[PDB]
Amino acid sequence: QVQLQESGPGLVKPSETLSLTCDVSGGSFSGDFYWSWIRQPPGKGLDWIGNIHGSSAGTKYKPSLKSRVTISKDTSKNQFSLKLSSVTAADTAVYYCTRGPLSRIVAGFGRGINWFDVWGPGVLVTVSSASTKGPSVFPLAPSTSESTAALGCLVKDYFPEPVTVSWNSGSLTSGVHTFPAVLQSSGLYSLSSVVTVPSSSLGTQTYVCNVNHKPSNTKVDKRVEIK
């Protein structure tokens, strides 16, 4: 399978240049198909930025962005890149790389330029003038106890998004609920991740939330104890 993966800084300051890369695995870059960049502001719809053709390396960009955008390629590394200059908060979005179908599928179709058949998972880029801030991770200790007990971690006052939370290094998935963050008037995010376990489990099992805040290069492993 031709798997794509977007990478790049999660935070870019205004007027600076956003720079992303799409690594392609399982397939060659060269071929009669387009490699494309599409973005989606949070909750906002889809917006096409531009593309580069696989075998011709030619480029096509959104007319309202032509002055600001550069889509380039690295055949030695098998990855393409996106550069968007003079960004503002209007450029905050999840950014996706995509690949069109093979020529065989487009028999007399117009290049499948707007055919986005395989997608990357997407990376969030926040354009903001505020500084990065790692989280403070506080235990949410379970509570008379009911037959099920909820324990969790509060991931408090971080910037920017996103934060992921696993439990017991991924060993624990059933009953895990990580909630979308709140954003405070202060500009800082907070979120909570709870796992719901049977009462019995509190005397036998240890519980560790694993908090990953990639923008601050911080990971925290916090044991949720009972007191």
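Residue positions are given as counts along the sequence shown, with the first one as 1.
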item: Unmodelled deposited residues between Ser143 and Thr144, binned; value: 1 to 3
item: Which of 194-202 and 170-178 has higher mean CA B factor, as the PDB entry lists it; value: 194-202
item: Selected stretch [higher average CA B-factor]: 113-121 or 149-157; value: 113-121
item: Among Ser72, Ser129, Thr92, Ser85 - the residue whose C-alpha B-factor is largest in the record; value: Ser72
item: C-alpha B-factor winner, where the candidates are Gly50, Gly187, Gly27, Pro41; value: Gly27
item: Chain-wide C-alpha B factor ranking for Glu225, given as lowest, middle or highest third; value: highest
item: CA B-factor ranking of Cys97, expressed as a third of its chain; value: middle
item: Where the record places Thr164 (Cα B-factor, split into thirds across the chain); value: lowest
